[PDB]
Structures are given as C-alpha cells and as structure tokens.
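Trainee: All residue numbers for the sequence shown refer to my numbering, where the first residue is 268 and numbers rise by one. Quick reminder that beta carbons are idealized off the backbone N, C-alpha and C, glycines included. Here's a structure for you.
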Amino acid sequence: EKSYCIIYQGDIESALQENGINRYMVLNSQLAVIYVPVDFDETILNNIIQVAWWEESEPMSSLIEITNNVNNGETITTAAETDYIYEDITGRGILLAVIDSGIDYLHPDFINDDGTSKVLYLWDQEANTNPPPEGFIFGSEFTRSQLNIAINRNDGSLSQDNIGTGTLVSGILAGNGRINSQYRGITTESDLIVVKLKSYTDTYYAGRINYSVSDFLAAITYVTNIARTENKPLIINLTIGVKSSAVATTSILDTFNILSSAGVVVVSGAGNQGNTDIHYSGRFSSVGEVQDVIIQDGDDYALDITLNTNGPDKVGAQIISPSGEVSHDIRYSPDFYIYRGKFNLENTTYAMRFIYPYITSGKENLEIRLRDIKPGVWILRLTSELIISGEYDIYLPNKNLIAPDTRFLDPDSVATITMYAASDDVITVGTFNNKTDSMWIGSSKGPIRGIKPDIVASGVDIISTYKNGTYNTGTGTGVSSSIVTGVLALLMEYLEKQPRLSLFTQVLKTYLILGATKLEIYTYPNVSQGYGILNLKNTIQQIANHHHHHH
C-alpha cells in the first residue's frame with residue numbers, strides 16, 4: 268500500500284469513489300488522504316477536477332535514539348529543571364499528544380494510585396480488535412475506561428509499544444516515578460492522548476522502521492478532534508519527522524484551521540541530521556555550468572534523493588553509476604513524465620521526475636528514486652538552466668532510515684531542519700548536551716537564508732520509562748521537544764491560573780525565548796542554539812514581570 272495526500276475542492280468523496288478509490292479519509296476542509304494498491308496509476312489524480320494538489324506520502328522516522336545508558340544518564344527532573352516548581356502547578360487541564368510507536372500502558376509509572384490510566388485515549392493504527400475512531404478507516408480506538416479494565420486484568424494486548432520511543436516520550440511528559448521516584452516526568456495532572464502509527468520496514472535499508480506522512484496527518488486529525496471534544500488546551504509533540512529541507516514556509520499542516528486556534532500548540536524536535544551528512548549545498552555562478560555531486564552509498568536497498576533550488580532557479584540532472592553508466596539527462600518539461608532506466612552492471616533501476624509538493628507552492632523539485640542500489644560512489648551531475656542566486660540544496664533520507672555509510676562526500680550541516688519543524692507556526696527545539704556543556708553533535712541546524720531552532724533543551728542520555736516496565740535512556744531532538752512540551756504544559760497552567768483565548772503558539776514561543784539562557788560570548792540568535800537554552804524558572808519570572816525578540 269502506497270498513499271497520497273490530496274488538496275481538494277468540492278465533493279471529493281463522490282469523486283474518489285467514482286474513480287475506484289475506495290480507501291480514503293477526509294482530514295479537514297482542504298486535505299484528504301488516499302490508500303491505493305502499488306499498481307495505482309497516479310495520473311488519474313490529474314483528471315479528477317475535485318483534486319487541486321496531490322503528493323505521494325513520504326517516510327517519517329524517529330527523532331529519538333535509544334542509548335541504553337541509564338547508569339550515566341540524566342534524570343528528567345534535572346533536564347527540565349522542575350525542582351523550582353515541585354520542591355499548585357501540575358499540568359492539570361492540559362492535553363498532551365504523543366504520536367509515535369505507542370505506549371506501554373501497563374508500565375507502573377503510567378498507573379495512578381487508584382489503578383487508573385494516565386492515558387485518556389489511545390488510537391492504535393495497526394490493531395483490529397476495536398472499531399477505528401469515528402471518521403477513520405483503520406486501527407482501533409481505546410478509552411481510559413477500557414485501559415482501566417486492562418490494568419485490572421494485567422492485559423497488555425490492546426496495544427503494544429514494540430519499539431519503545433513512544434513509551435520514552437510518554438515518561439518524559441508524565442511518568443509518575445512509581446518504580447523509581449528519581450525518574451519521574453514533568454507533569455502530574457496532564458492527560459495523554461496517544462497514537463501508535465502504522466509502521467513500515469526496509470524502505471531503504473534492511474531492518475529500519477519508518478512511518479508515513481498520510482498516517483501521521485490522520486493522527487493529527489484524531490488528537491485535535493479529541494481536544495475539540497474535551498475543550499482543553501492541547502500540545503502536540505512532534506517526536507518523528509520527514510526528511511530535512513531548506514524550505515522555511517508552512518507545510519501541509521497549515522491546512523488544519525484548528526492548528527491556528529488558541530490553546531493548540533505544536534512543538535517539534537529540530538531534526539537529528541546535524542552531523543549525518545545527508546545534506547548538500549551548492550551554488551552555480553552561471554547558466555550551463557555543470558557540477559558533480561558525489562554520493563557514497565552503503566548497503567542500501569533503495570534511496571530517495573530530493574533536489575530543491577530555493578527560488579526560480581532551474582537545474583537539470585543526470586545519475587552516474589560507479590561503473591560509469593548514465594541515466595537520462597533530464598531537463599524541465601511541462602509534463603508529468605517519469606524517466607526510468609537500469610544501470611546494467613549494477614542491476615540498479617532509477618525513476619526520476621519533477622514533483623510539485625504543497626510546501627513549495629507550485630515550484631517543482633526533482634525526485635530521484637534508486638532501487639536495488641549497490642554500494643559505491645554514485646554521481647549526481649547537475650546542469651544549471653536559469654539562475655538568480657544559483658543556490659540549491661540536495662537531501663537524502665534521514666540517517667536512521669539508510670545505511671550507516673550512505674552520505675554526501677561534501678556535506679553541509681547548515682539547513683538540516685526536519686521539514687515540519689521549519690515553519691514559524693511550530694516551536695522548534697534543538698538538543699543541548701549537558702555532559703559537554705555544548706550542543707549535541709547530531710542536532711539539526713537552521714538555514715542561513717531563513718531563525719531555527721527557536722530554543723534548545725537538554726536531550727542527551729535522558730532517563731525515562733521504556734518497554735516492559737523498564738527504564739532506558741534517549742538522545743535527540745525528540746527528547747528535547749518532549750522536555751519543552753512538558754514544561755510548556757506547566758507554563759500553560761500557570762498562565763491560566765494567574766484568558767485561555769490568548770494562549771497562542773506565538774505568545775508561548777515569545778515567553779520561552781525571553782526566558783532562555785544565553786551562554787557567554789556566543790552570538791545570538793544563531794542556527795545551532797536558536798535564542799538559547801530552555802529555562803523554566805526564568806520564563807516564569809518573565810511571565811510574572813519592547814521586550815519582544817523582534818522589537
């Protein structure tokens with residue numbers, strides 16, 4: 268099953284059904300997702316008048332690395348600096364969304380003294396034992412009442428977290444320290460809304476697991492539906508991400524009107540591509556110039572390469588195999604042609620085509636798909652056709668989806684933000700390393716053209732709940748974003764106590780930036796640290812007491 272995101276106008280449901288597209292979900296007034304067989308002819312979508320835009324759903328991967336280092340780890344209390352509060356603010360009345368690998372809801376650290384679950388709602392997109400949530404076409408929805416019975420019966424079968432990152436995230440936000448009190452999370456009275464996303468294996472490299480944009484967008488619809496029903500503020504914590512990009516405009520998440528409402532806040536990790544060499548930056552100085560971009564491939568099965576030209580610049584492209592066989596030398600043409608072929612010695616096939624993603628507003632990007640790729644040096648030969656600045660960017664998939672040795676020969680760590688964290692409509696969090704008193708080497712960096720991340724937070728070897736009633740440690744920007752999510756829940760309750768219609772992302776981001784710690788002699792803001800390090804105590808003092816970072 269592949270899937271597509273669709274921007275529609277009119278009666279899209281009738282139109283899809285008339286075209287034999289029977290598996291779909293309408294997610295908001297503009298956005299639908301469809302699920303179709305592998306043999307599906309995507310050109311169909313151009314001849315459905317109710318379709319305005321369409322894009323194949325791309326892989327997403329975790330922003331957390333599990334590091335098995337509890338003995339030298341840092342507690343959540345230390346990372347979030349929450350002794351200043353707890354040593355009447357608990358996160359009461361705030362909903363927190365975890366969209367990830369699920370949750371081990373039988374972990375004692377998610378069970379209250381009276382035996383009830385800290386999870387309010389759980390949608391397991393893979394399960395088939397309860398009906399899906401209303402308006403969705405797969406998985407099983409569970410409520411706290413059901414989880415409470417499951418806890419009483421020690422029934423862990425409703426939904427399992429087989430990876431552990433969702434459990435790690437949930438513990439940062441809300442673990443109660445039942446097994447080890449030192450390891451408790453940030454909030455005590457916030458409710459969790461958990462979605463376990465459908466998973467896929469071996470997309471590029473054997474043994475690696477990814478998620479898919481379409482399923483993620485459906486999860487966004489579900490958790491915001493719940494927030495609307497419960498009429499409570501909601502923080503959505505993005506601990507997974509698509510591939511990195513240099514674009515800084517809004518994403519397809521901007522189709523959700525609810526994400527522009529008061530009391531609905533999106534926090535994302537910045538990305539974990541700061542040192543993974545999955546980004547190439549280049550610049551043409553003239554038209555007709557040829558530049559060769561060197562890619563080393565490890566033992567990948569497949570690879571997707573995205574080229575973006577950041578402006579009106581037009582660039583042609585050709586793929587060259589380690590043995591010297593070449594692909595079509597493609598140029599801009601006003602058609603949807605997919606150029607295909609085979610590198611005979613390598614037995615590798617390619618598909619190259621221009622893509623029109625929603626985020627670039629009609630500007631084409633170049634997509635190159637290599638299948639059955641073999642190890643060695645691959646060359647992307649680029650020819651400029653029209654330039655103003657001449658600048659361009661190329662991205663490989665996130666490193667945790669591809670072979671360890673797959674990389675650009677000449678990488679650029681700048682402009683490695685994961686794409687959904689690029690927009691100013693999200694609070695974007697990078698990872699500080701308290702052990703080295705510096706940024707984590709893996710933390711993605713903002714672009715120079717255009718500031719991300721907004722702030723950073725401790726996120727190296729953080730101890731949290733893990734599967735099967737254990738503790739483990741995690742590192743990365745999904746850890747840091749979880750720290751900020753939990754602290755923001757405390758800040759939102761503090762603001763409400765001493766109007767909720769004013770708790771917009773922009774307001775909360777301003778307070779986080781005003782309270783952030785700036786280390787001596789560095790220049791701020793910068794594309795590594797943003798405006799500085801999260802500081803709960805100083806942010807409260809700012810809330811209590813021209814000061815805007817753009818004024």
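How should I416 be labelled, buried or exposed, when 16 other C-beta atoms within 10 angstroms of its C-beta is the threshold for buried?
Mentor: Here residue 416 corresponds to residue number 149 of the sequence shown, with the count starting at 1. Exposed: under 16 other Cβ atoms inside 10 Å.
Trainee: Just checking, does the stretch 697-707 make contact with the stretch 715-735 on the three C-beta pairs under 8 Å criterion?
Mentor: These segments touch.
Trainee: Write down every uninterrupted run of the beta strand (DSSP E) in the stretch 422-452 whose length is 3 residues or greater and which is fully enclosed by it, in chain order.
Mentor: Segments of the beta strand (DSSP E) lying fully in the stretch 422-452: there are none.
Trainee: Figure out for me which residue from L770, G277, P326, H814 has the closest Cα to the Cα of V533.
Mentor: Here residue 533 refers to the residue found at position 266 of the sequence shown. Taking only the C-alpha atoms, the option nearest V533 is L770.
Trainee: Is the Cβ-Cβ distance between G797 and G697 less than 8 Å?
Mentor: For the purposes of this step, residue 797 is taken as residue 530 along the sequence shown, with counting starting at 1. For the purposes of this step, residue 697 is taken as residue 430 along the sequence shown, with counting starting at 1. Yes, these two residues count as a Cβ contact at 8 Å.
Trainee: Using CA coordinates, which residue listed in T683, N575, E613, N492 is at the minimum distance from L633?
Mentor: Numbered from 1 along the sequence shown, position 366 holds the residue referred to as residue 633. Comparing Cα positions, the closest option is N575.
Trainee: Would you call the stretch 329-340 and the stretch 305-318 touching, i.e. three or more CB-CB distances under 8 Å?
Mentor: No: the two stretches stay apart, fewer than three of their Cβ pairs being nearer than 8 Å.
Trainee: Can you grab the Cα-Cα spacing for the pair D691 / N477, in whole Å?
Mentor: Position 424 of the sequence shown holds residue 691. Position 210 of the sequence shown holds residue 477. So the two alpha carbons sit approximately 26 Å from each other.
Trainee: Taking the continuous beta strand (DSSP E) assigned at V774, which residues delimit it?
Mentor: Locating residue 774 in the sequence shown gives position 507, counting from the first residue. Counting along the chain, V774 falls outside any beta strand (DSSP E), though it belongs to the alpha helix (DSSP H) covering 772-782.
Trainee: Buried or exposed: which applies to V751, given that a residue is buried once 16 or more other Cβ atoms fall within 10 Å of its Cβ?
Mentor: As a working note, residue 751 is residue 484 in the sequence shown. When all chains shown are included, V751 counts as buried.
Trainee: Which stretch, first to last residue, makes up the alpha helix (DSSP H) that contains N575?
Mentor: Stepping through the sequence shown from its first residue, residue 575 is reached at position 308. Premise fails: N575 lies in the beta strand (DSSP E), 569-575, not in any alpha helix (DSSP H).
Trainee: Measure the alpha-carbon distance for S711 versus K776 and round it to whole angstroms.
Mentor: Along the sequence shown, read from residue 1 onward, the residue named residue 711 stands at position 444. Along the sequence shown, read from residue 1 onward, the residue named residue 776 stands at position 509. Each residue's Cα considered, the two are about 19 Å apart.
Trainee: Does the Cβ-Cβ distance between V754 and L786 come in under 8 Å?
Mentor: For the purposes of this step, residue 754 is taken as the residue at position 487 of the sequence shown. For the purposes of this step, residue 786 is taken as the residue at position 519 of the sequence shown. For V754 and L786, no; Cβs fall outside 8 Å.
Trainee: Helix, strand or coil for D639? Go by DSSP, reduced to three states.
Mentor: Here residue 639 refers to the residue found at position 372 of the sequence shown. It is coil, neither helix nor strand.
Trainee: Roughly how many whole angstroms lie between the Cα atoms of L762 and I503?
Mentor: Locating residue 762 in the sequence shown gives position 495, where the first residue counts as 1. Locating residue 503 in the sequence shown gives position 236, where the first residue counts as 1. Spanning the two alpha carbons is a distance of roughly 18 Å.
Trainee: By how many angstroms is the C-alpha of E760 removed from the C-alpha of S528?
Mentor: Position 261 of the sequence shown, counted from the start, is the residue given in the question as residue 528. Position 493 of the sequence shown, counted from the start, is the residue given in the question as residue 760. So the alpha carbons of these two residues sit roughly 17 Å apart.
Trainee: Rounded to a whole number of angstroms, what is the C-alpha to C-alpha distance between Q449 and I572?
Mentor: Sequence index remark: in the sequence shown, residue 449 carries index 182 (1-based). Sequence index remark: in the sequence shown, residue 572 carries index 305 (1-based). If you take the alpha carbons of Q449 and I572, they lie about 44 Å apart.
Trainee: Please work out which residues of its chain come closer than 8 Å, Cβ to Cβ, to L363, disregarding the five sequence neighbours upstream and downstream, and give them in chain order.
Mentor: Here residue 363 refers to the residue found at position 96 of the sequence shown. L440, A441, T454, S457, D458, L459, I460, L501, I502, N504, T752, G753, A756, listed in sequence order.
Trainee: Here's the rule: buried if 16 or more other CB atoms are within 10 angstroms of the residue's CB, otherwise exposed. What is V593?
Mentor: By one-based count along the sequence shown, residue 593 stands at place 326. Exposed, since its Cβ has fewer than 16 Cβ neighbours within 10 Å.
Trainee: How about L425 and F405: are their beta carbons less than 8 Å apart?
Mentor: By one-based count along the sequence shown, residue 425 stands at place 158. By one-based count along the sequence shown, residue 405 stands at place 138. No; because the gap between Cβ atoms is not below 8 Å, this pair is not in contact.
Trainee: Under a Cβ-count criterion, where at least 16 other Cβ atoms within 10 Å of its own Cβ denotes burial, should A584 be classed as buried or exposed?
Mentor: Residue mapping note: residue 584 aligns to position 317 of the sequence shown, counting from 1. Buried, because 16 or more other Cβ atoms sit within 10 Å of the Cβ of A584.
Trainee: Quick one, are the C-beta atoms of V365 and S437 less than 8 Å apart?
Mentor: By one-based count along the sequence shown, residue 365 stands at place 98. By one-based count along the sequence shown, residue 437 stands at place 170. Cβ atoms of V365 and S437: closer than 8 Å.
Trainee: Throw me the rounded Cβ distance for the residue 262 and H546 pair, which I believe falls under 8 Å.
Mentor: Only positions 268 to 818 of the chain appear in the structure, and residue 262 is not among them; the question remains open.
Trainee: Could you check whether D567 and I493 sit closer than 8 Å to each other, using their CB atoms as the reference points?
Mentor: As a first step, residue 493 must be located in the sequence shown, where it is residue number 226. As a first step, residue 567 must be located in the sequence shown, where it is residue number 300. It is not a contact, given that the beta carbons lie outside the stated cut-off.
Trainee: For a test of the three-state rule: what should DSSP assign to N492, helix, strand or coil?
Mentor: The sequence position of residue 492 within the sequence shown is 225, counting from 1. Looking at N492 - three-state DSSP - the assignment turns out to be helix.
Trainee: According to DSSP, is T516 helix, strand or coil?
Mentor: Counting from one through the sequence shown, the residue named residue 516 turns up at place 249. Note: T516 maps to coil in three-state DSSP.
Trainee: On the premise that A513 lies in contact with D660, defined as a C-beta separation below 8 Å, what is that separation, rounded to the nearest angstrom?
Mentor: Working through the sequence shown from its first residue, we reach residue 660 at position 393. Working through the sequence shown from its first residue, we reach residue 513 at position 246. Yes, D660 and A513 are in contact; Cβ-Cβ is about 4 Å, under 8 Å.
Trainee: Note the first and the last residue of the continuous alpha helix (DSSP H) segment covering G745.
Mentor: Here the question's residue 745 lines up with position 478 in the sequence shown. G745 -> alpha helix (DSSP H) spans 744-764.
Trainee: Would a C-beta distance cut-off of 8 Å place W645 and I587 closer than the cut-off?
Mentor: Start at 1 with the first residue of the sequence shown, and residue 645 comes out as number 378. Start at 1 with the first residue of the sequence shown, and residue 587 comes out as number 320. Cβ atoms of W645 and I587: closer than 8 Å.
Trainee: Out of curiosity, what's the CA-to-CA distance linking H374 and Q317?
Mentor: As a working mapping, residue 374 is identified with position 107 in the sequence shown. As a working mapping, residue 317 is identified with position 50 in the sequence shown. Rounded to the nearest angstrom, the two C-alpha atoms are 47 Å apart.
Trainee: Thinking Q558 and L649 are a contact (beta carbons under 8 Å), I'd like their distance in whole angstroms, please.
Mentor: Position 291 of the sequence shown, counted from the first residue, corresponds to residue 558. Position 382 of the sequence shown, counted from the first residue, corresponds to residue 649. Sure, about 5 Å apart at Cβ, within 8 Å.
Trainee: Ignoring anything shorter than 3 residues, give me the beta strand (DSSP E) runs that lie fully in the stretch 689-742, in order along the chain.
Mentor: Within the stretch 689-742, the complete beta strand (DSSP E) runs of at least 3 residues are 694-700, 722-725, 729-733, 737-742.
Trainee: Just to confirm before moving on: does the CB-CB distance between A688 and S479 stay below 8 Å?
Mentor: As a working mapping, residue 688 is identified with position 421 in the sequence shown. As a working mapping, residue 479 is identified with position 212 in the sequence shown. Contact: no.
Trainee: If you drop the 5 nearest sequence neighbours on each side, which residues of the same chain put their C-beta closer than 7 Å to that of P720?
Mentor: Residue 720 sits at position 453 when you count from the first residue of the sequence shown. For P720, where only same-chain residues beyond five positions count, the Cβ hits under 7 Å are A537, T695, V696, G697, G713, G797.
Trainee: So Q427 and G369 are supposed to be a Cβ contact under 8 Å. How far apart are they, rounded?
Mentor: For the purposes of this step, residue 427 is taken as residue 160 along the sequence shown, with counting starting at 1. For the purposes of this step, residue 369 is taken as residue 102 along the sequence shown, with counting starting at 1. At roughly 6 Å, the Cβ-Cβ gap stays under 8 Å, so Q427 and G369 are in contact.
Trainee: What would DSSP say about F610, mapped onto helix, strand or coil?
Mentor: For the purposes of this step, residue 610 is identified with residue 343 of the sequence shown, where counting begins at 1. Note: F610 maps to strand in three-state DSSP.
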